[PDB]
Amino acid sequence: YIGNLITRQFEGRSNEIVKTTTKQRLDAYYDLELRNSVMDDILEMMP
Amino acid sequence: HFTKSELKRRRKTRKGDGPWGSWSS
Amino acid sequence: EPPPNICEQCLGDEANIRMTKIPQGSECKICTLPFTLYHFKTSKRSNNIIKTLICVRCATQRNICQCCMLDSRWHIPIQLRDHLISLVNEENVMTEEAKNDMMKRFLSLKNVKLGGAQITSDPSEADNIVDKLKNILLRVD
Amino acid sequence: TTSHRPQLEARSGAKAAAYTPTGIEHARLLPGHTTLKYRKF
Amino acid sequence: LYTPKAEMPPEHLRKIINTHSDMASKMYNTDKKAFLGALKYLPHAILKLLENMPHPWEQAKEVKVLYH
Amino acid sequence: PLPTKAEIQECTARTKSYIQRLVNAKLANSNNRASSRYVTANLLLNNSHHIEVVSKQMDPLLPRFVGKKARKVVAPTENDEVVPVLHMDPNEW
Amino acid sequence: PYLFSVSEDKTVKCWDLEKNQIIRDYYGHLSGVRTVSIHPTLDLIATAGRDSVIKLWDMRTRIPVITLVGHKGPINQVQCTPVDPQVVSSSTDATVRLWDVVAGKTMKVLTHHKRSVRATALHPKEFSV
Amino acid sequence: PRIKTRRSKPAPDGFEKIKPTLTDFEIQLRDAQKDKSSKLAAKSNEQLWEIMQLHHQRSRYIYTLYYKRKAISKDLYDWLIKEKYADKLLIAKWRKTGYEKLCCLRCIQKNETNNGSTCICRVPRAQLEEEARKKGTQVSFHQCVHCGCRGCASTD
Amino acid sequence: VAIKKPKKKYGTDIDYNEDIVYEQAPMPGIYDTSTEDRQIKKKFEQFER
Amino acid sequence: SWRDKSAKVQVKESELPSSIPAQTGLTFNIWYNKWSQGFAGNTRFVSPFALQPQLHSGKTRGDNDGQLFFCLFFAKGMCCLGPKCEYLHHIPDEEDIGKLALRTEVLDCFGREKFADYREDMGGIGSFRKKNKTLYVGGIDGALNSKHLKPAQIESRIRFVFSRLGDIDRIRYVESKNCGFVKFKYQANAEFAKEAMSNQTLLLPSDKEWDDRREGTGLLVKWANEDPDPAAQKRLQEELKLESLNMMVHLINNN
Amino acid sequence: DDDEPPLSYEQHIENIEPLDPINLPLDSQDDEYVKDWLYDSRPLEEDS
Amino acid sequence: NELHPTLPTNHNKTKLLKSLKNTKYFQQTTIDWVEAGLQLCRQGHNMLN
Amino acid sequence: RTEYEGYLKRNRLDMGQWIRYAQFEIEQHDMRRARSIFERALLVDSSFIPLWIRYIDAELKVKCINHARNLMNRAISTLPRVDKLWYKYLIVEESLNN
Ligand SMILES: [Zn+2]
Ligand SMILES: [Zn+2]
Ligand SMILES: [Zn+2]
Ligand SMILES: [Zn+2]
Ligand SMILES: [Zn+2]
Ligand SMILES: [Zn+2]
């Protein structure tokens, strides 16, 4: 715990933090994946 | 190289006694 | 990571040199990015420590020593080298340097030669430029 | 209001590939199941 | 090549601790970082101190210490 | 033909060596002292100058990598060669 | 005796088939993971998805040792092979890329497809895809 | 020296003859250990050098009493050692050929130097002088960093 | 007197005039451009003067 | 000559100023060593110390150790080590300029690392991309404690205080801006003079306010920008051509 | 007190003679074999 | 505690104090326990402050 | 420039904005900046034919015929199946009686 706190003091905070799929993000992430799939199918069927 | 008597002499030129005796003059 | 570009004049005439290598030991003066720092002394008793002030990438781009930023072949500053090449090529070659931190970082990642580093890195052209510069030298109260 | 937007494209991992990382130690990355299992024959 | 760790006089450590009361001078910039670096090991030092606590039959207790 | 077993073994050994090297680097540079348990000096400069390269004995209380920090970096794109798009080939949409 | 599974929830998981339980989790993809391929001779797994990169993970430590960057869009399928190109990937950018994993660069970019290359399949008896 | 408690045996016969000198050493150490607000790093180091010198001098005094002058009994010497008046490991080095004048143990800890060498203060001054005059420079070594030793080779 | 530059909101906040930010120079081709580069340079200098 | 005597202690160790600056806030921050929770208009102060070349110069340990770099505190007139100093205690001269030649490209005469870019205020160590030999002398008003003085007298005072710090190329006082430009023969002397004159006072013992010398804020000595004067610009181009001619001979000799 | 800075050992503690510890009075005969060393910090450490 | 044992790993390597003692940055001495405790108080106070 | 860069940073896929920013640099007579904008846009989407055509036209309008040639050769090498690029190169060289 303290090693991480002091690391943030000298090195700063990481810029590549990946947020996980928690209960509060489930609907938003589900929507993103659904829309991406629908879009892929439509764009590939269109000329 | 130096002789033992030369070492005794030079050793006695150090300003102060022991390891902390200075060589600066 | 390629070996450091340190010149003979910085290393000195001593028979053998002990060089300390520190990974990520410093921020490059030119590009602000971290690099493997190398520091050494001309002799074990000398009073000064010579450090690589710039990374191998910036040094390679500029064809200069990491410890003194002088040209690795002519051993003169970048500004004078680029002017000397400008006088013979008339192309008016120059090493432009970035001002913004993001641009400094971006520029240091390009696999290119800046200014006169093109001529001086290839020994053929460097010689083929020393010959041409000889013709300039001879000529109310 | 335009702040509410659909995603035009997803953020690429190529951006993070160029970033200089930090030394944070994550709990989930601590040593565990350190030995691999192998099949017979 | 190996030789045991040298026993320093206790006044040497005592003087270091005394001279780090006020770290106003710039010369302490590296020591200040060392202080932050020691914080992650402070629980260990606390354990070592507490486990060596003097028992009721001991008036005083000399302990060997390792100091930065 | 499928690659020969000798060719597969060569590639396997070379790639395994490289991956182990990367894993070792990741574990060795970690701040977790326990990581060190899972990890499996001469340089020639200019004409003939011989350099003895040695690692510094770092102070365990100080940051191990003075230059290490979180930095955002936009990298340039290396347009070294053109990649052709070989695409060889009424109102319902 | 392992099963690897990937989901839109961005996770990559290793299940011990002797216990039917998850034993390892590989964290790192920015978005949904679409495909996984197990290396035929190395204790390594390749995974890719909407973040347009291929991650190669050391099975034991769960470290993404190599990230293959090149695709200009979501990756639909990845295939591991025993020799160079050890990774083959197809993408929405309509290209198939053969990779040199040690160098981390593409050995070859195949651009003949006009549309998203959704599916790939290695031939089991010959070195073709 | 360690504080007197029930663990401490009475000072053996002859302690009162040497005690005034040991008390003077104690007073000097008692003042050197104080916080003196030294602004410069160099002066700060020189103040630790005073402590190392005093510790050496007190041990050297007791060492001279027992091994050279035989002015004190073994019971008193053993008590002085037990009570930390004298450093037994340093005295142990003074008893060895070529270490009769060793400033401190830290200066011979080869494992702690960058090059695996001893401290430069162990080199006989004549060898430094010969090297310097051959090189064409003055002798740049003045005081070592661990203690302010200016040279402690047995010949010097 | 110079015109006030906007205050930086963060350490890496870019000043887009100080350099050609993220410059992507055109890929070299088989045809020589030296004589038209000189002309463009001269025209740019002329316009700015 | 300074080489005939040992350096003199400029300020005794006990007389040095405490490392805690003047209070400008409610709380002293023990990390940054600066006052916090407050604000001030101008934090500068007149230097209580001043270098005296003829009086303070002399040999130090640096001369025997073969030291290359000059003492920063000597330049500021506040070195407490005197003859025991590790750094040189004298005005830089041609012999030392010659020995510094390989390091002066990236280090100033004090051994401090140069930067790629000048500070936005042009202060500090200076850039390694420019062999800048010219100093800007601002803050003349405060350096004179706001004493009304004629332009020629200001120029004469600047010439006196700076000419004693090395060979001068030229000096210009711009009354239109109440600022001065001092160009030195060697860059190391401009660096040394910059540190020596920074925050100093232009008053003299023949002035009324001599006893009030430390009331305001001192001289602001910084690096000079590129001179826009076409007359100077042309001689700068002629110096560049001379330097290139003098370098082509070395290139043809080496190769 | 929260405002009182930690005492300097060498100036305020090192010179004061320590008080008696908790030592139950042992009997000369019933505790003959233990009396001389029971309350030592590391009893019998020097007895080979 | 009896039902759920946690066996120690045989890898005795890299113990903290022995690792630190191997560096030149740590030295050893003998002091009273109360002095060591007061030092730890002052040191921890400096670290947190 | 700060405005245009802000919009392109938040949404790099706005090819129209990329073209407008490049044209803005053309109006500043700074062809090096304009060229850089076009190049960066080609980095985002090299398939957008209007971007290629606009870049080639920008090059020809300032009489930089060799830059335009290098660019038209890149265009046909990148998208050889797009007839518009071949016809552009053909009509340019035919206008020059080549
Ligand atoms: Zn760099
Ligand atoms: Zn060099
Ligand atoms: Zn010694
Ligand atoms: Zn010593
Ligand atoms: Zn020594
Ligand atoms: Zn000095």
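Whatever order the structure lists them in is the order used to number ligands and atoms, beginning at 1. Numbered from 1 within each chain, the chains take letters A, B, ... in sequence-line order. Just so you know, these numbers use all the heavy atoms, side chains as well, and skip hydrogens, waters and symmetry mates.
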Using the ring of H:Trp94 (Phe, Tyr or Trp, six-membered ring only), decide whether H:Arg60 places NZ or CZ under 6.0 Å from its centre and within 45 degrees of its axis.
-> yes
Fit a plane to each ring of L:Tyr25 and E:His68, take the angle between them on a 0 to 90° scale, and name the class: parallel (under 30°), tilted (30 to 60°) or perpendicular (over 60°).
-> parallel
Rounded to the nearest 0.5 Å, how far apart are CZ of L:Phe26 and CE of E:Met8?
-> 14.0 Å
Can any side-chain N or O of J:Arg103 pair as donor or acceptor with the backbone N or O of J:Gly111 at less than 3.5 Å?
-> no
Do J:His90 and J:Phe70 have ring centroids that are under 6.0 Å from one another?
-> yes
Is there an N/O/S atom in H:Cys107 at a distance below 2.8 Å from the Zn ion (ligand 4)?
-> yes
Taking both backbone and side chain into account, is any N, O or S atom of H:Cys152 nearer than 2.8 Å to the Zn ion (ligand 4)?
-> no
Distance-only donor-acceptor check, side chains H:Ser140 and J:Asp65, under 3.5 Å = no
Only one of C:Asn5, C:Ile54, C:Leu70 passes side chain to side chain contact (heavy atoms under 4.5 Å, CB included) with C:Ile64; say which it is.
-> C:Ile54
Rounded to 10 degrees, what angle sits at the Zn ion (ligand 4) between H:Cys147 SG and H:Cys103 SG?
-> 100°
Compute whether any side-chain donor of one residue and acceptor of the other, for C:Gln61 and C:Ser108, lie under 3.5 angstrom apart.
-> no
Just checking, any donor-acceptor pair under 3.5 angstrom between side chains of L:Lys21 and L:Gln28?
-> no
Will you find, in the side chains of C:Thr95 and C:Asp82, an N or O donor that is under 3.5 Å from an N or O acceptor?
-> yes
What protein N/O/S atoms lie closer than 2.8 Å to the Zn ion (ligand 6)?
-> J:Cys71 SG, J:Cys79 SG, J:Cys85 SG, J:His89 NE2
Is there an N/O/S atom in H:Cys149 that lies less than 2.8 Å from the Zn ion (ligand 4)?
-> no
Donor-acceptor contact present, side-chain F:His49 to main-chain C:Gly12, <3.5 Å = yes
Using a distance threshold of 2.8 Å, what protein N/O/S atoms lie below it relative to the Zn ion (ligand 2)?
-> C:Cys7 SG, C:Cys10 SG, C:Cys65 SG, C:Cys68 SG
Salt-bridge contact H:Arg125-H:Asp156 (side-chain N to carboxylate O under 4.0 Å) = no
Measure from the Zn ion (ligand 4) to each N, O or S atom of H:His146 and report whether any distance is below 2.8 Å.
-> no
